[PDB]
Amino acid sequence: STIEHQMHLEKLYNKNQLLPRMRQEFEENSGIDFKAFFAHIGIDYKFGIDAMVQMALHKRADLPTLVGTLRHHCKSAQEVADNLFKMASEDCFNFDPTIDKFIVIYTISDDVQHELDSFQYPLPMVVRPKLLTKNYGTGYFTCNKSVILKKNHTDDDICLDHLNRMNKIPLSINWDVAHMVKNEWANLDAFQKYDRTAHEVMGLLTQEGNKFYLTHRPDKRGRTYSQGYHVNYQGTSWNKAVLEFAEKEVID
Amino acid sequence: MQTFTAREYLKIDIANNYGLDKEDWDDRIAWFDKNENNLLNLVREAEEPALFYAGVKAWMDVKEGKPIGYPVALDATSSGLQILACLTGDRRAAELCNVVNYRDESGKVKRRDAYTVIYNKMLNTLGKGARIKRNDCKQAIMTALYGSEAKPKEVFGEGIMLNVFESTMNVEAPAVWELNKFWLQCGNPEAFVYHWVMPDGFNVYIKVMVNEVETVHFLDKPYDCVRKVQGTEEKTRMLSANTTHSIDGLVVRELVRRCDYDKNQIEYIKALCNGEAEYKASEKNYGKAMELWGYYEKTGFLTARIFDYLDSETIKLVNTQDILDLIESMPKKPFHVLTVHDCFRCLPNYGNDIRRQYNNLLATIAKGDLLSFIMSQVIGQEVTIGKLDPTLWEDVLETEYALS
DNA sequence: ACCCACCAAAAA
RNA sequence: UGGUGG
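**Some thoughts on the protein's contact with RNA strand D**
The environment of RNA strand D is made up of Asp62(A), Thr65(A), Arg223(A), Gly235(A), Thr236(A), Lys240(A), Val340(B), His341(B) and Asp342(B). Backbone atoms, meaning sugar plus phosphate, form 83% of the atoms of RNA strand D positioned within 4 Å of the protein. Within the contact set of RNA strand D, a sugar or linking oxygen lies 3.4 Å away from a side-chain nitrogen or oxygen of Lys240(A). Between a sugar or linking oxygen of RNA strand D and a side-chain N or O atom of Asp342(B), the distance comes to 2.6 Å. Looking at the surface near RNA strand D, its residues break down into one nonpolar, four polar and four charged.

Right under this line is the structure:
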């Protein structure tokens, strides 16, 4: 039941990986038939969908920024920028020469944007995380990516013991503080965006109990980072305040 | 090191979040005692409202005798400078950043703010209208310790102000500053990656990623497209930041090992050290046990991680008295510790222990040879750096505001 | 010529 | 390309 709840949470995370989930809005969910249209204007299918996706993310983006995300499709940096003009001239999105940016035209639905805001980022585990024994897998039951942050994988010793020790610290939400933030933080002070969906996630998270585990990953140097956006003892002050130990103690 | 009650760490933490975190311990508790009965109304003017409120609600729950899950926070005062001071034995740098105690003429131990101390020293000598803001000075200092030459050149120009800035740094922290100096001249123009091992076995690999700029035309106007690519570079400015950060990383892993320990593992190792454990042996433990003990020998940093590889056969290669001494230096009751690289949070009835464990680690770095051990791996040959004051470590154990 | 990690996406 | 924490 909690094992099942954990698999559901992981089910949502795996289904809302940002870029694959966005692509769905331009492939199998668009009324527009971008495959057919991209053939017409002589733009590679996978490239065109990705450019459309990048525009739904950035909304506005200068040229060096936009080619960076798409550079891996062509043998030349130049080939990418030309393809982008062909699409801008065919109204896939606009380029405004007076601000030197592309501006999105076709954006994803609001309903899909909210699921991405809730679930594209890792959540806490509601069972004890998997014991790490190799430098693959980060504690969840369905991810087996490199445990080291960014592209810095090694199979050398990176002190899994510390990750394993931090991962089993049970945490819970202080709803008294969490409610204080939503009702009164805005008049005490990126924040609105986080808080729009944070409480919904925290309630879903703790559906089976106010007890959970944050996963931890090392960067290449050995600084240790707890993974997650909405619930995290690292990161923002409105974030820090809500977390406490699940194993409370009488102080004296 | 003076100790505090569990409730007092709560008092300090609530003071910190108001916050008067640069005040001495007793002034902070004095401020608290004064506002104990009015805390909920100060939430709206506190520096960290949410954290202030959580701590205050915890204080109330404690008064009523209720259990709490709220962890108080104790932060390192300039983590990096502390580590460079300990690596180099730089007693003057240590006094900037609470690695050892600084007393004013009255003789009270003060909570020093290195950036302010150096800001004062710079106005004191520049004098007579010095056109420099305290925060422009803090940015230049902290970017320098991570190896920047461009940012102090921007705050101080490239003239006499810069000259006074480097002069001040060289009197207040000669060895720390000389070491940062040295790291710059330590890049290898042939290297694609740097690798070093920490004494607890963490392998640090730094791939050298250099900018490749493809230039592009879009409407016959030019755009520069820069992508990080693996390569080499003549100098490199990254080693001071990465080595220093690898060490505060180490301090975090090891501090969490010493605080959040498995009491049953501890008792097994204690019997194992005293020859009373039932025979158990695995051939796979030998390599790692040998490896970690070696780092202790070469560095002075005995990691409690070694408990994971000690068995009936492997204990024979280590000094059982050193293992027992380590366990005895650990807290008598374990506790969870949350860490933000150089911030530490725990239940307040363990406040005293977390400050003791941090002190011991700074002191270990101070006493031993970690810098040589790491520099040798970075530059590719055996080098030895000496302590500028080899007894600094004695005072480090007893220092007051390392965490504040 | 400053380290890392991460988020965040903009208006007739 | 701006912000978050260190």
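**Let's talk about the interface of chain B and chain A**
In this assembly, 63 residues from chain B lie in contact with 55 residues from chain A. Here chain B and chain A share an interface that buries about 5400 Å² over both sides, 62% of which is from carbon and sulfur atoms. Applying the counting criterion to the chain B and chain A interface returns eight salt bridges. Of the charged contacts in the structure, one is a salt bridge between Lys288(B) and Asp157(A), with a shortest N-O distance of 3.2 Å. Here chain B and chain A share 24 residue pairs in polar contact between them. Taken together, the elements giving at least two residues each to the side of chain B that touches chain A come down to α1 (6-20), α4 (49-63), β3 (203-207), β4 (209-217), β5 (222-230), α12 (239-259), β6 (338-339) and β7 (343-346) of chain B.

**Quick word on the pattern of salt bridges**
Scanning the model with the defined rule gives 40 salt bridges over all chains in all. Close ionic contact of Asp219(A) with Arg221(A) constitutes a salt bridge, the shortest N to O distance being 2.9 Å. Both residues of the pair, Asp219(A) and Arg221(A), belong to the buried class. Across the salt bridge formed by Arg92(B) and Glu172(B), the nearest N and O atoms sit 2.5 Å from each other. Remark: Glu172(B) occurs in helix α10 (residues 160-172) and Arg92(B) occurs in helix α6 (residues 91-96); sequence separation between them is 80 residues. One continuous salt-bridge network, built from bridges that share partners, spans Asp157(A), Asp161(A), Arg165(A), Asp200(B), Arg253(B), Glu254(B), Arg257(B), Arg258(B), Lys288(B), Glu291(B) and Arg305(B).

**Here we look at the domain arrangement of chain A**
Domain boundaries in chain A define domain 1 (17-103) and domain 2 (123-245). Measuring from the centre of the C-alpha atoms in domain 1 of chain A to the corresponding centre in domain 2 of chain A gives 33 Å.

**Side note on the packing of aromatic side chains**
Scanning all chains against the criterion turns up 21 aromatic pairs over all chains. Taking 5.6 Å as the distance between ring centres and 35° as the angle between the ring planes, the aromatic pair formed by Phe34(A) and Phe38(A) counts as tilted. Here the residue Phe34(A) and the residue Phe38(A) both occupy positions in helix α3 (residues 34-40), the gap between them amounting to four residues, near one helical turn. Exposure remark for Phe38(A): the relative accessible area of 1% places this residue in the buried category. Connected via pairs of aromatic rings, a cluster forms that spans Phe85(A), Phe93(A), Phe95(A), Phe102(A) and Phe218(B).

**A closer look at the UniProt feature "binding site: GTP" (unreviewed entry) in chain B**
Residues and elements named next belong to chain B. Mapped onto this numbering, the UniProt entry gives "binding site: GTP" (unreviewed entry) at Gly-80, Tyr-115, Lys-138 and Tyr-146. The topology assignment puts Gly-80 in helix α5 (residues 79-88). When sequence neighbours within four positions are dropped, the list of residues in contact with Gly-80 reads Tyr-146 and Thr-244. With respect to the helices and strands, the residue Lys-138 is situated in helix α8 (residues 134-145).

**Quick look at the environment of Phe165(B)**
Residues and elements named next belong to chain B. Along the chain, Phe-165 turns up in helix α10. Note on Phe-165: relative accessible area 1%, which makes it buried. Sequence separation between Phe-165 and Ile-141 is 24 residues, and the spatial gap between their C-alpha atoms is 9.0 Å. Once residues lying within four places of it in the same chain are set aside, the contact partners of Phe-165 are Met-122, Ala-140, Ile-141, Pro-152, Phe-156 and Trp-177.

**Here's the deal with the protein's contact with DNA strand C**
Around DNA strand C, the surrounding shell holds 20 residues, and the nearest of these are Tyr121(A), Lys150(A), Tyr229(A), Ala150(B) and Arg237(B). Put simply, 80% of the atoms of DNA strand C that lie within 4 Å of the protein are in sugar or phosphate. Within the side chain of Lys150(A), one N or O atom sits 3.3 Å away from a phosphate oxygen of DNA strand C. Within the backbone of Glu149(B), an N or O atom sits 3.4 Å from a phosphate oxygen of DNA strand C.

**Some points on the environment of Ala366(B)**
All names here are of chain B. Within the element layout of this structure, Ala-366 appears in helix α16 (residues 351-367). Along the backbone, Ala-366 and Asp-395 are 29 residues apart, and their C-alpha atoms lie at a distance of 9.8 Å. Excluding residues within four positions of it along the chain, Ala-366 makes contact with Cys-86, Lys-387, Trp-393 and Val-396.

**Remarks on a nonpolar patch on the surface**
On the surface, a cluster of nonpolar side chains totalling about 260 Å² of accessible area is made up of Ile3(A), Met7(A) and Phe141(A). Along the chain, the position of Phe141(A) falls in the loop between α7 (110-119) and α8 (160-167).

**Digging into α12(B)**
Along its 21 residues, α12(B) runs 30 Å from first to last C-alpha, staying within 8% of the 30 Å computed at 1.5 Å per residue. Along α12(B), 21 of the 21 residues are buried, which leaves the element largely enclosed by surrounding structure.

**A closer look at the pairing of β3(B)**
Residues and elements named next belong to chain B. Strand direction decides the pairing type here: strand β2 (residues 193-197) and β3, joined by five bridges, are antiparallel. In the sheet register, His-195 faces β3, and the bridge partner there is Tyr-205. Here β2 folds back onto β3, and the loop between the two strands holds five residues, one of which, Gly-201, carries a positive phi near 100°.

**Section: the sheet that holds β6(B)**
Adjacent strands of a sheet pair through backbone hydrogen bonds, lying either parallel or antiparallel. Strands sit in the order β1-β7-β6 (chain B) across an open sheet of three strands; the sheet is antiparallel. Looking at which strands have only one partner, the edges of the open sheet turn out to be β1 (72-75) and β6 of chain B.

**Examining the sheet that holds strand β2 (residues 94-96) of chain A**
All names here are of chain A. The strand order across the open sheet built from three strands is β1-β3-β2, with neighbouring strands paired in antiparallel fashion. Because the sheet does not close on itself, it has two edges, and the strands there are β1 (60-62) and β2. Neighbour to neighbour, the strand axes of the sheet diverge by 30° on average, direction disregarded. With three bridges joining them, β1 and strand β3 (residues 101-103) adopt antiparallel strand pairing. By the bridge assignment, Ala-61 is partnered in β3 with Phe-102. In this fold helix α5 (residues 63-70) packs onto β1 and β3, with an angle of close to 95° to the strand it touches most, β1.

Cut-off values and rules
Residues numbered from 1 in each chain as written, not as in the entry; some residues may be left out. Chains lettered and ligands numbered in written order. Heavy atoms only, no water. Residues with missing side-chain atoms left out of burial classes, pairs and counts. Near = heavy atom within 4 Å. Polar contact = N/O pair within 3.5 Å; in protein donor to acceptor, adjacent residues only side chain to side chain. Nonpolar A, V, L, I, M, F, W, Y, C, P; charged D, E, K, R; others polar. Contact = heavy atoms within 4.5 Å. Buried area = accessible area lost by both parts, 1.4 Å probe. Salt bridge = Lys/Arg side-chain N within 4 Å of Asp/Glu carboxyl O. Helix = DSSP H or I, 4+ residues; strand = E, 2+ residues; numbered from the N terminus. Buried < 20%, exposed > 50% of the residue type's maximum accessible area, 1.4 Å probe, protein only. Domains from an automatic or database assignment. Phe/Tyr/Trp six-rings, centres within 6.5 Å; stacked < 30°, edge-to-face > 60°. UniProt positions renumbered as here; feature names shortened; annotations may be inferred. Patch = residues over 30% accessible without salt bridge, like charges linked within 9 Å, V, L, I, M, F, W, Y side chains within 5 Å. Areas by Shrake-Rupley, 256 points an atom, 1.4 Å probe, with all protein chains shown as cover. Expected span 1.5 Å × (residues − 1). Pairing = 2+ DSSP bridges. Axes fitted to C-alpha atoms, helices over the stretch in contact; angles between N-to-C directions.

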